[PDB]
Amino acid sequence: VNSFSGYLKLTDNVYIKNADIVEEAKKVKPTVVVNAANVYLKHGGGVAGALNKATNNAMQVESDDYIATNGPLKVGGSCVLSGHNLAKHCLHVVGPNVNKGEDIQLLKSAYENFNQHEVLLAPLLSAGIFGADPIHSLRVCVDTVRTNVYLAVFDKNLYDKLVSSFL
Ligand SMILES: O=c1[nH]c(=O)c2nc[nH]c2[nH]1
């Protein structure tokens, strides 16, 4: 048993809810919250801007030190950092950004990072301002992630479309 509430079960391991990933993290304090990161860990907008704002910029301060030491992530890659006030850990995952020309085939590699964690609270990778089709992102999630993933879809209208169209 875990503390996630009000999710619709899609598969053996994937759950979905119309919820802000921020408010959900604050309520649940999951072991792992996923950030929709970029390779620079510059948390300006979308999931990254909202999560970072909720940490009072501490996420950005930690991230800048990580990049200064390690250099940029790979598209499709990840790193584990603090979850600050939101979670034990934040898994910063870089899905391809279609609005920058990145290979959508990298979305499967991005979701493979989730398999290193038994349970996660996550957004749909490469959705929103990353420009991918969220229906596609949910299909890759279901077909790639084998650990237990709780998906927080911000947009009520999109949530209903994702559920209604789910195969
Ligand atoms: O503020 C937010 N922005 C988002 O893009 C998002 N996705 C899930 N939950 C979210 N909250």
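In listed order, ligands and their atoms are each counted from 1. Residue indices begin at 1 and follow the sequence shown. Worth knowing before you read on, the calculation uses all heavy atoms, side chains too, and leaves out hydrogens, waters and symmetry mates.
- Few gaps surround CG on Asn70; more than 12 heavy atoms of other groups in view lie less than 6.0 Å from it.
- In this structure, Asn115 contributes its side chain and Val145 its backbone to no donor-acceptor pair below 3.5 Å.
- Among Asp20, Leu124, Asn18, the residue whose heavy atom lies nearest to atom 11 (N) of ligand 1 is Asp20.
- Looking at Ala152, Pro123, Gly45, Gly128 and measuring to atom 8 (C) of ligand 1, the nearest heavy atom belongs to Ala152.
- Side chain of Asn97 to main chain of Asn99: a donor-acceptor pair is present (N/O by atom type, distance under 3.5 Å, no hydrogens or angles).
- Counting the atoms of ligand 1 from 1 in the order shown, those under 4.0 Å from a heavy atom of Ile21 are 8 (C), 9 (N), 10 (C).
- No donor-acceptor pair closer than 3.5 Å links the side chain of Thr55 to the backbone N or O of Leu86.
- For CG of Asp64, the number of neighbouring non-hydrogen atoms (other residues, nucleotides, ligands) closer than 6.0 Å is greater than 12.
- Those atoms of ligand 1 that come under 4.0 Å of a heavy atom in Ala50, given as number and element, are 1 (O), 2 (C).
- Of all protein heavy atoms, the one closest to atom 6 (C) of ligand 1 is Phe154 CB, 3.6 Å.
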